[PDB]
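Right, one structure below, let's go through it.
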Amino acid sequence: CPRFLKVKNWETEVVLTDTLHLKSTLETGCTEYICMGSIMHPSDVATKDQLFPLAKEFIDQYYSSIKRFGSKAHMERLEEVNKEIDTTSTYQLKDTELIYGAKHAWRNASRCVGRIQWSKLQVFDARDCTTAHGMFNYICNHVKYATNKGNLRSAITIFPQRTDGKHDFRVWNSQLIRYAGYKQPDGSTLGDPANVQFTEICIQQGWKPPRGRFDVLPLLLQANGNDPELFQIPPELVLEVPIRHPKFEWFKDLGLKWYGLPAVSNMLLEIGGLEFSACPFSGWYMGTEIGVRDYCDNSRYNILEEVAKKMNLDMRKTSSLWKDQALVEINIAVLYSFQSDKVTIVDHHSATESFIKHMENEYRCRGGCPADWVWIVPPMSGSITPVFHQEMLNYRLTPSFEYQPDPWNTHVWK
Amino acid sequence: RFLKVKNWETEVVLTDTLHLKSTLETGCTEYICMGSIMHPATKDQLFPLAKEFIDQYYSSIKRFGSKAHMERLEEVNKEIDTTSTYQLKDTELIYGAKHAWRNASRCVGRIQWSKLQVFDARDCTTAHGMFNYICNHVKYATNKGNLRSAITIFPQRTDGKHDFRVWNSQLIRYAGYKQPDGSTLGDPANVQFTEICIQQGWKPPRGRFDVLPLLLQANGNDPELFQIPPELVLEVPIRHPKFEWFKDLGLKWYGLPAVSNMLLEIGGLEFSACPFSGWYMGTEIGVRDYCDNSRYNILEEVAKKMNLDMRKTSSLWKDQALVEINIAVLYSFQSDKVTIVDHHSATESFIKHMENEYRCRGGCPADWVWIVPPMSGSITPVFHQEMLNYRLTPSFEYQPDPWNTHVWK
Ligand code: HEM
Ligand code: HEM
Ligand SMILES: Cc1cc(N)nc2cc(-c3ccc(OCc4ccc(C#N)cc4)c(CN)c3)ccc12
Ligand SMILES: Cc1cc(N)nc2cc(-c3ccc(OCc4ccc(C#N)cc4)c(CN)c3)ccc12
Ligand SMILES: C[C@H](O)[C@H](O)[C@H]1CNc2nc(N)[nH]c(=O)c2N1
Ligand SMILES: C[C@H](O)[C@H](O)[C@H]1CNc2nc(N)[nH]c(=O)c2N1
Ligand SMILES: [Zn+2]
């Protein structure tokens, strides 16, 4: 690979120079002859010999970041890590290194448009947790802290790392807060279609479903490789926003609402070769995640048609753009409702503008900023946002957030 | 290896084998994806490229390894020997132009690829001849509003000192002028080309929608200016089905999109002048041409007449005015019976096209970054369709702007 790679912004003419790609760690899935940039997921534990260089790489990075590279504390930390891998096949991160690694997994997340915030992350160390009840306690505290009565604060809670792969900690939920989905005998779906499979697991595990349109799912929590256990989030911890429109008084009659806190909980955090299989993290929403995807995806709540009816649009011709018109109004209502209730939210114009400033800053201070254009560009109004015209380079740095298989597909039931 | 692509809305899975035939590079490596980067012969290089192309031609007409196939290869080898190049047969030229379109990973319109009128202009020698061929193309492709896809292919590159080039980036485009106070009148995308035309002797009317002259270069000579006969230039006034003030904005656009600055590669031969045209997808005009900050940039004016609150981004005033502008464009072309396709219909056709190509061809190279429309992305079916991008030949390629290379004789 060449030392310098340039990217151009075709709207402003600004050219930026990337050297950080030289530190890329993993395969992207692409080759010289095929690009897999639109593949959702392109791309048993580590041996002693695999772990040694991965830890040294991270430790070196850490001591370089605190401007102590080659120092006595650096060499002593290396040697202590090396002995621990020798005599235990693993090692333990210091609290400082845990915090640094979690912030940089966020900093490195190429699909995240919100990374201008990466250094303001509250890290909850939950590595002393031993049971699913204790996981529940840690998650409730996380939810309450991050919600902050609507003044949301980004946070991650980190449970014990993988050991032999048979004692994994896992949150079986895909997000800490999501709405149940129920397939009906007639083929229709009540609630959120995206969550039908997980809802069925919960019901089989013992959950009694209220069977409504917006039922908060219980937590299904797995500690130390044991069978997962069910817990109800205290509903006073779940901040929700009813959706209304500043002009259309009838919009509230749709009975729509959504929850304030997006808290993805099924990803794996990799730091220094260590694998944190339970690491729920939360920020705040960009409006289009709710208004475009959650509400208007055909396989989600799919409300475009009903909203267009109440708007009395012609729905016979696609070229009337009735779908685009209703989509805008739905997203206006979502932003209006969160702002009115003083729940943190960012519109897609503000967020993408901030991301561009962030990316420019990262290129100049760090030598680059891996970014996945396919994910960064918002799902509506793409070209009237600045990221659309911004060339990006995508590559994988560590520490990193990784996908992992769903736990019900791999779990060995006791 | 067989690669799978999934549609996450319908759960359909397709299996790609066609990527195994590509030879040109994408720009990506195993460690870095350049998917969003806009732009990532001799006797010895030429014969394998020619042989590959002749081989796929005769395989396409189900005569692979035939007597005609065998003799064509020897004819081509003998010719590259004695002239350092070769000439395509007419059948080969047509097959290669259609497949350059079929292989254009960035084009959502490719369900039409085999409906392409190919105009062979390889006998052309002067810019006057180029202008004649191009007028015929514009007249044929416009067809009084019932647009017909077409390409006109001028003589191929020889030594690189005798290139045929259309200096225009499209056959029909509007001029752009730098203003004294600092702003831009007309289309800012064409400011530089407009100045070259003025410097070359074009008298500019200095309006907002002045159709540019043709600047045409034959056999490496200085380019020459020509005016397209105005009766050949079909235009649409833009009005809105509900907002009667919209027509008062004075907006119009041309009906015929005809890209003229790309290079067509067939069997190792380079056709540096090959203008090709189809018909518009509404968002090309209504989103990019009208609403790019560095194009006509009209969102402010429209939202002002819509009386929207423009004080905060989260009112989505830009998004509202964007939809209304794209309604007007589609409504205007349709009312005037000028062919146009909306982005919902176009992307639906492309998903169908992908299914066809995977069935009959083993795949379809497709550039998600370009295929997904510039508005309303995820409510179109391509947003949820995984695509594999790879480079097949014959192909359309980018080439340098002629004024950056031309030694003015
Ligand atoms: C603070 C405000 C934040 C905003 C506005 C934000 C915004 C976004 C958005 C819009 C996406 C695309 C999600 C989708 O389409 O489903 C995303 C993805 C992502 N975000 Fe951020 N995010 C924020 C905080 C965070 C935090 C705190 C973390 C981790 C520490 C994080 C890590 C990620 C990751 C890993 C992805 C990719 C997820 C995947 O591939 O499934 N984000 N973010
Ligand atoms: C017939 C109707 C057609 C439609 C609706 C259509 C649609 C489109 C659209 C929307 C784009 C994106 C262009 C941009 O954003 O600037 C595009 C690109 C492209 N089209 Fe098609 N197209 C059509 C016909 C054709 C024909 C006839 C050819 C060639 C014979 C062709 C070759 C290409 C190529 C090479 C590109 C990529 C341009 C680039 O890389 O800059 N298209 N098309
Ligand atoms: C920290 C934070 C803040 C914020 N504001 N937003 C976030 C959004 C995500 C995020 C990414 C992909 C997802 O998933 C994509 C997907 C789509 C379809 C299928 C299917 N079938 C499977 C996955 C989902 C959904 N939980 C969330 C993650 C973290 C966020
Ligand atoms: C056959 C056909 C039909 C149709 N319906 N549509 C088309 C649209 C294009 C097309 C692609 C890229 C472009 O170029 C984008 C660009 C952006 C920034 C810079 C810069 N700086 C330079 C070029 C331009 C512009 N003529 C047109 C090509 C063929 C089309
Ligand atoms: C097929 C395609 O890669 C897939 O639909 C992606 C596209 N880009 C996305 N971008 C974001 N932010 N979130 C998504 O879920 C997706 N889905
Ligand atoms: C930087 C980015 O690649 C560039 O803006 C691309 C993005 N996608 C596009 N898609 C289409 N159809 N046309 C374009 O000009 C672009 N521009
Ligand atoms: Zn790639």
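A note on labels: chains of the structure tokens are A, B, ... as shown, every chain counts residues from 1, and ligands are counted from 1 in their shown order.
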
Find the nearest atom pair between each residue of chain A and ligand 2 for residues within 12 Å, count only C-alpha atoms and all ligand atoms, give distances in Å to one decimal, sort rows by chain and ascending number, and present the table as a Markdown table.
| residue | atom | partner | partner_atom_place_in_ligand_line | distance |
| --- | --- | --- | --- | --- |
| A:383 | CA | ligand 2 | 15 (O) | 10.4 |
| A:388 | CA | ligand 2 | 15 (O) | 11.8 |
| A:389 | CA | ligand 2 | 15 (O) | 11.6 |

(request) Return as a ChimeraX atom specification the full set of residues in stretch 142-371 of chain A whose backbone-based DSSP assignment is alpha helix (DSSP H). (result) /A:142-147,196-205,287-288,295-296,304-311,322-340,348-366

(request) Report as an MDAnalysis selection string which protein, DNA and RNA residues come within 7 Å of ligand 4, using only C-alpha atoms and all ligand atoms. (result) (chainID A and resid 10) or (chainID B and resid 169:170 257:259 276:281 284)

Between chain A and ligand 6, at 12 Å or less, what are the per-residue closest atom pairs and their distances in Å? Count only C-alpha atoms and all ligand atoms, order by chain and rising residue number, and return it as a Markdown table.
| residue | atom | partner | partner_atom_place_in_ligand_line | distance |
| --- | --- | --- | --- | --- |
| A:7 | CA | ligand 6 | 1 (C) | 8.6 |
| A:8 | CA | ligand 6 | 1 (C) | 7.4 |
| A:9 | CA | ligand 6 | 1 (C) | 6.5 |
| A:10 | CA | ligand 6 | 5 (O) | 6.3 |
| A:11 | CA | ligand 6 | 5 (O) | 8.0 |
| A:12 | CA | ligand 6 | 5 (O) | 11.1 |
| A:13 | CA | ligand 6 | 1 (C) | 11.1 |
| A:14 | CA | ligand 6 | 1 (C) | 11.7 |
| A:15 | CA | ligand 6 | 1 (C) | 11.6 |
| A:371 | CA | ligand 6 | 1 (C) | 11.7 |
| A:372 | CA | ligand 6 | 3 (O) | 11.2 |
| A:373 | CA | ligand 6 | 3 (O) | 8.0 |
| A:374 | CA | ligand 6 | 7 (C) | 9.4 |
| A:376 | CA | ligand 6 | 2 (C) | 11.5 |
| A:377 | CA | ligand 6 | 7 (C) | 9.4 |
| A:382 | CA | ligand 6 | 8 (N) | 9.1 |
| A:383 | CA | ligand 6 | 5 (O) | 7.5 |
| A:384 | CA | ligand 6 | 5 (O) | 10.5 |
| A:385 | CA | ligand 6 | 5 (O) | 10.2 |
| A:386 | CA | ligand 6 | 5 (O) | 9.0 |
| A:387 | CA | ligand 6 | 1 (C) | 7.6 |
| A:388 | CA | ligand 6 | 5 (O) | 5.0 |
| A:389 | CA | ligand 6 | 5 (O) | 3.4 |
| A:390 | CA | ligand 6 | 1 (C) | 4.3 |
| A:391 | CA | ligand 6 | 1 (C) | 3.9 |
| A:392 | CA | ligand 6 | 1 (C) | 7.1 |
| A:393 | CA | ligand 6 | 1 (C) | 10.3 |

How about saving the chosen residues, N, CA, C and O atoms kept, as a compact mmCIF listing (two decimals), in the first residue's frame?
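The result, written out as out05.txt:
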# COMPACT_ATOMS: atom_id res chain seq x y z
N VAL A 7 -8.33 12.05 -0.04
CA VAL A 7 -9.77 12.09 -0.26
C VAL A 7 -10.16 13.52 -0.55
O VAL A 7 -9.57 14.46 0.00
N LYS A 8 -11.13 13.69 -1.44
CA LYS A 8 -11.60 14.99 -1.84
C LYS A 8 -13.06 15.15 -1.43
O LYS A 8 -13.83 14.19 -1.46
N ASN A 9 -13.42 16.36 -1.02
CA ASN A 9 -14.81 16.76 -0.90
C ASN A 9 -15.21 17.47 -2.18
O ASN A 9 -14.65 18.52 -2.52
N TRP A 10 -16.18 16.91 -2.90
CA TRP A 10 -16.52 17.43 -4.22
C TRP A 10 -17.39 18.67 -4.17
O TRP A 10 -17.58 19.31 -5.20
N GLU A 11 -17.88 19.06 -3.00
CA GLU A 11 -18.66 20.28 -2.86
C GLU A 11 -17.81 21.47 -2.43
O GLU A 11 -18.06 22.59 -2.89
N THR A 12 -16.79 21.25 -1.61
CA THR A 12 -15.96 22.32 -1.07
C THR A 12 -14.58 22.40 -1.70
O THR A 12 -13.91 23.42 -1.53
N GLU A 13 -14.14 21.35 -2.39
CA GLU A 13 -12.83 21.16 -3.01
C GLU A 13 -11.76 20.79 -1.99
O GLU A 13 -10.61 20.57 -2.38
N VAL A 14 -12.09 20.70 -0.70
CA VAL A 14 -11.09 20.38 0.32
C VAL A 14 -10.55 18.98 0.09
O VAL A 14 -11.31 18.00 0.00
N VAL A 15 -9.23 18.86 0.02
CA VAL A 15 -8.54 17.57 -0.09
C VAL A 15 -7.86 17.28 1.24
O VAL A 15 -7.18 18.14 1.80
N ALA A 371 -14.21 5.71 7.68
CA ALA A 371 -15.61 6.08 7.59
C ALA A 371 -16.28 5.25 6.51
O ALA A 371 -15.73 5.10 5.41
N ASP A 372 -17.46 4.72 6.83
CA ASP A 372 -18.22 3.87 5.91
C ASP A 372 -19.32 4.72 5.26
O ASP A 372 -20.39 4.89 5.83
N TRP A 373 -19.07 5.20 4.04
CA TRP A 373 -20.00 6.13 3.40
C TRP A 373 -21.41 5.56 3.35
O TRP A 373 -22.40 6.28 3.57
N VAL A 374 -21.53 4.27 3.03
CA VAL A 374 -22.83 3.62 2.86
C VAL A 374 -23.68 3.75 4.12
O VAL A 374 -24.92 3.81 4.06
N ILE A 376 -22.80 6.17 6.74
CA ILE A 376 -22.74 7.54 7.26
C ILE A 376 -23.78 8.43 6.59
O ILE A 376 -24.39 9.28 7.24
N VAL A 377 -23.98 8.28 5.28
CA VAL A 377 -24.98 9.09 4.58
C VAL A 377 -26.37 8.74 5.09
O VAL A 377 -26.72 7.55 5.12
N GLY A 382 -30.12 12.44 1.18
CA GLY A 382 -28.68 12.22 1.20
C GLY A 382 -27.83 13.35 0.64
O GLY A 382 -26.96 13.88 1.34
N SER A 383 -28.08 13.74 -0.62
CA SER A 383 -27.19 14.69 -1.26
C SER A 383 -27.34 16.12 -0.76
O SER A 383 -26.53 16.96 -1.13
N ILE A 384 -28.34 16.43 0.07
CA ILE A 384 -28.39 17.77 0.63
C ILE A 384 -27.74 17.78 2.01
O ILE A 384 -27.83 18.76 2.76
N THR A 385 -27.05 16.70 2.36
CA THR A 385 -26.17 16.69 3.52
C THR A 385 -24.72 16.72 3.06
O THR A 385 -24.42 16.32 1.93
N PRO A 386 -23.80 17.25 3.88
CA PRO A 386 -22.41 17.39 3.42
C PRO A 386 -21.67 16.08 3.25
O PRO A 386 -20.75 16.02 2.44
N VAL A 387 -22.07 15.01 3.96
CA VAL A 387 -21.31 13.76 3.86
C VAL A 387 -21.47 13.12 2.49
O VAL A 387 -20.60 12.37 2.05
N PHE A 388 -22.58 13.37 1.80
CA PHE A 388 -22.80 12.76 0.50
C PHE A 388 -21.64 13.06 -0.45
O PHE A 388 -21.20 12.18 -1.20
N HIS A 389 -21.15 14.30 -0.43
CA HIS A 389 -20.12 14.74 -1.36
C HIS A 389 -18.71 14.49 -0.86
O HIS A 389 -17.75 14.87 -1.54
N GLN A 390 -18.57 13.88 0.31
CA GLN A 390 -17.28 13.67 0.96
C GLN A 390 -16.75 12.28 0.63
O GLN A 390 -17.32 11.28 1.08
N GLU A 391 -15.63 12.22 -0.08
CA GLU A 391 -14.95 10.94 -0.24
C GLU A 391 -14.46 10.44 1.11
O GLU A 391 -14.02 11.22 1.96
N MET A 392 -14.55 9.13 1.31
CA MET A 392 -14.16 8.51 2.57
C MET A 392 -13.32 7.28 2.28
O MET A 392 -13.38 6.70 1.20
N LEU A 393 -12.50 6.93 3.26
CA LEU A 393 -11.73 5.69 3.24
C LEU A 393 -12.23 4.82 4.38
O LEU A 393 -12.35 5.29 5.52

(request) Within 8 Å of ligand 1, which residues show up when you count only C-alpha atoms and all ligand atoms? List them as JSON, numbers by chain, please. (result) {"A": [102, 103, 105, 106, 107, 109, 110, 111, 112, 113, 114, 115, 117, 118, 121, 153, 154, 155, 156, 264, 267, 281, 282, 283, 284, 285, 286, 288, 289, 293, 345, 346, 351, 375, 376, 378, 400, 401, 402, 403]}

Write the residues you've just listed into a file as an mmCIF file, in the first residue's frame, and include C-alpha atoms for each of them.
data_model
loop_
_atom_site.group_PDB
_atom_site.id
_atom_site.type_symbol
_atom_site.label_atom_id
_atom_site.label_comp_id
_atom_site.auth_asym_id
_atom_site.auth_seq_id
_atom_site.Cartn_x
_atom_site.Cartn_y
_atom_site.Cartn_z
ATOM 1 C CA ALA A 102 -13.612 1.578 24.927
ATOM 2 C CA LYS A 103 -13.366 5.219 23.824
ATOM 3 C CA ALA A 105 -13.484 1.447 19.770
ATOM 4 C CA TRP A 106 -16.063 4.211 19.415
ATOM 5 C CA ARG A 107 -13.512 6.535 17.772
ATOM 6 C CA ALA A 109 -16.315 2.740 14.473
ATOM 7 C CA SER A 110 -16.427 3.534 10.758
ATOM 8 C CA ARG A 111 -20.226 3.286 10.552
ATOM 9 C CA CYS A 112 -20.884 5.868 13.314
ATOM 10 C CA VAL A 113 -21.795 9.448 12.346
ATOM 11 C CA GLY A 114 -21.785 10.559 15.991
ATOM 12 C CA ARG A 115 -18.069 10.121 16.718
ATOM 13 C CA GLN A 117 -18.425 12.837 20.872
ATOM 14 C CA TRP A 118 -16.088 9.853 21.238
ATOM 15 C CA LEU A 121 -18.008 8.443 27.053
ATOM 16 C CA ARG A 153 -25.211 11.064 28.264
ATOM 17 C CA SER A 154 -23.229 8.466 26.330
ATOM 18 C CA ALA A 155 -22.177 5.407 28.321
ATOM 19 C CA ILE A 156 -20.886 1.853 27.961
ATOM 20 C CA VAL A 264 -27.040 -1.346 21.307
ATOM 21 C CA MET A 267 -21.897 -6.217 19.762
ATOM 22 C CA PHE A 281 -23.348 1.163 24.887
ATOM 23 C CA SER A 282 -25.733 4.055 24.391
ATOM 24 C CA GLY A 283 -25.793 7.529 22.910
ATOM 25 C CA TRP A 284 -28.762 9.534 21.659
ATOM 26 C CA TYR A 285 -30.744 9.273 18.425
ATOM 27 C CA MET A 286 -30.371 10.907 15.065
ATOM 28 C CA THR A 288 -33.916 9.566 10.896
ATOM 29 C CA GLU A 289 -33.099 6.350 12.749
ATOM 30 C CA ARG A 293 -35.975 3.460 9.364
ATOM 31 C CA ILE A 345 -31.967 14.230 19.583
ATOM 32 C CA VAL A 346 -29.994 15.442 16.566
ATOM 33 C CA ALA A 351 -25.185 15.482 12.720
ATOM 34 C CA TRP A 375 -23.728 3.919 6.562
ATOM 35 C CA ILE A 376 -22.738 7.541 7.255
ATOM 36 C CA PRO A 378 -28.485 9.417 6.111
ATOM 37 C CA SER A 400 -13.114 -2.095 17.753
ATOM 38 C CA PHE A 401 -16.782 -2.980 17.994
ATOM 39 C CA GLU A 402 -17.442 -6.234 16.150
ATOM 40 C CA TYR A 403 -20.494 -8.208 15.215
#

Taking only C-alpha atoms into account, produce a table as CSV in which each residue of chain B with an atom at most 7 Å from an atom of chain A appears once, together with its shortest atom pair and the distance in Å to one decimal, ordered by chain and rising number.
residue,atom,partner,partner_atom,distance
B:9,CA,A:299,CA,6.5
B:22,CA,A:33,CA,6.8
B:23,CA,A:33,CA,6.9
B:24,CA,A:33,CA,6.7
B:25,CA,A:33,CA,4.9
B:26,CA,A:33,CA,5.3
B:27,CA,A:32,CA,6.1
B:28,CA,A:32,CA,5.3
B:29,CA,A:31,CA,4.6
B:30,CA,A:31,CA,4.8
B:31,CA,A:27,CA,5.0
B:32,CA,A:395,CA,4.9
B:33,CA,A:394,CA,5.1
B:34,CA,A:393,CA,5.5
B:35,CA,A:37,CA,6.0
B:36,CA,A:391,CA,5.4
B:37,CA,A:391,CA,5.3
B:292,CA,A:384,CA,6.7
B:294,CA,A:11,CA,6.3
B:313,CA,A:349,CA,6.4
B:314,CA,A:347,CA,5.5
B:315,CA,A:332,CA,6.2
B:316,CA,A:332,CA,6.4
B:319,CA,A:381,CA,6.4
B:320,CA,A:328,CA,6.4
B:323,CA,A:325,CA,6.3
B:327,CA,A:320,CA,6.1
B:330,CA,A:319,CA,6.6
B:342,CA,A:319,CA,5.7
B:344,CA,A:318,CA,6.5
B:368,CA,A:38,CA,6.3
B:369,CA,A:374,CA,6.5
B:374,CA,A:383,CA,5.0
B:375,CA,A:381,CA,4.3
B:376,CA,A:380,CA,4.2
B:377,CA,A:379,CA,5.0
B:378,CA,A:379,CA,5.1
B:379,CA,A:297,CA,6.7
B:386,CA,A:39,CA,5.4
B:387,CA,A:38,CA,5.9
B:388,CA,A:36,CA,5.7
B:389,CA,A:35,CA,5.2
B:390,CA,A:34,CA,4.9

(request) Considering only C-alpha atoms, return as a VMD selection string whatever protein or nucleic-acid residues lie within 12 Å of residue A:97, sequence-local ones (same chain, fewer than 6 positions apart) excluded. (result) chain A and resid 55 58 to 63 65 to 66 77 103 to 104 123 125 271 to 272 274 399

Write a file of the just-selected residues containing N, CA and C atoms, as a CSV table (one decimal), in the first residue's frame.
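Once everything was written out, this is out_4.csv:
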chain,number,residue,atom,x,y,z
A,55,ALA,N,-1.7,-7.9,22.3
A,55,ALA,CA,-1.6,-7.1,23.6
A,55,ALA,C,-0.5,-6.1,23.5
A,58,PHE,N,-1.6,-3.1,21.5
A,58,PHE,CA,-2.5,-2.2,22.2
A,58,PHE,C,-1.7,-1.4,23.3
A,59,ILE,N,-0.9,-2.2,24.1
A,59,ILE,CA,-0.2,-1.5,25.2
A,59,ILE,C,0.7,-0.4,24.6
A,60,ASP,N,1.4,-0.7,23.5
A,60,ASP,CA,2.2,0.3,22.8
A,60,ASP,C,1.4,1.6,22.5
A,61,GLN,N,0.2,1.3,21.8
A,61,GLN,CA,-0.7,2.4,21.4
A,61,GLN,C,-1.1,3.2,22.7
A,62,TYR,N,-1.4,2.5,23.8
A,62,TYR,CA,-1.9,3.2,25.0
A,62,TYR,C,-0.8,4.1,25.5
A,63,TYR,N,0.5,3.6,25.6
A,63,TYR,CA,1.5,4.4,26.2
A,63,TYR,C,2.0,5.5,25.3
A,65,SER,N,-0.3,7.1,23.5
A,65,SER,CA,-1.3,8.1,23.6
A,65,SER,C,-1.1,9.0,24.9
A,66,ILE,N,-0.5,8.5,25.9
A,66,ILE,CA,-0.3,9.2,27.1
A,66,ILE,C,1.1,9.8,27.1
A,77,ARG,N,4.9,-2.5,32.1
A,77,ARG,CA,3.5,-3.0,31.8
A,77,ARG,C,3.6,-4.1,30.8
A,103,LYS,N,-13.2,4.0,24.6
A,103,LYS,CA,-13.4,5.2,23.8
A,103,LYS,C,-12.8,5.1,22.4
A,104,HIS,N,-11.7,4.3,22.2
A,104,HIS,CA,-11.2,4.2,20.9
A,104,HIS,C,-11.9,3.2,20.0
A,123,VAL,N,-17.6,5.3,31.1
A,123,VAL,CA,-17.3,3.8,31.0
A,123,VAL,C,-17.6,3.2,32.4
A,125,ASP,N,-17.2,0.0,34.6
A,125,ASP,CA,-16.4,-1.2,34.7
A,125,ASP,C,-17.3,-2.3,35.5
A,271,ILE,N,-10.4,-5.3,22.7
A,271,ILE,CA,-9.4,-4.5,23.2
A,271,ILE,C,-8.1,-5.4,23.4
A,272,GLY,N,-7.1,-5.1,22.6
A,272,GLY,CA,-5.8,-5.8,22.9
A,272,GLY,C,-5.8,-7.3,22.7
A,274,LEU,N,-8.4,-9.1,23.7
A,274,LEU,CA,-9.4,-9.5,24.7
A,274,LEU,C,-10.8,-9.2,24.1
A,399,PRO,N,-8.6,-0.8,19.1
A,399,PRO,CA,-9.9,-1.4,19.6
A,399,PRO,C,-11.1,-1.3,18.7

Write out, as CSV, each residue of chain B that has an atom at most 12 Å from ligand 3, together with the closest pair of atoms and their distance in Å to one decimal, counting only C-alpha atoms and all ligand atoms, rows going by chain and rising number.
residue,atom,partner,partner_atom_place_in_ligand_line,distance
B:6,CA,ligand 3,21 (N),10.6
B:7,CA,ligand 3,21 (N),9.7
B:8,CA,ligand 3,21 (N),6.1
B:9,CA,ligand 3,21 (N),7.7
B:10,CA,ligand 3,21 (N),10.0
B:11,CA,ligand 3,21 (N),8.7
B:378,CA,ligand 3,17 (C),11.5
B:383,CA,ligand 3,17 (C),11.6
B:384,CA,ligand 3,18 (C),8.9
B:385,CA,ligand 3,18 (C),11.7

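Atom CA of residue B:239 is found 14.1 Å from atom CA of residue B:306.
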
(message) Excluding residue B:268 and its own-chain neighbours fewer than 6 positions away, which residues fall within 12 Å of it when counting only C-alpha atoms? Please give them as a VMD selection string.
(response) chain B and resid 41 to 54 76 80 84 to 88 96 156 to 158 393 to 395

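For the pair atom CA of residue A:203 and atom CA of residue A:409, the separation is 17.0 Å.
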
(request) Could you please determine the separation between atom CA of residue A:330 and atom CA of residue A:245 in Å, to one decimal place? (result) 8.0 Å
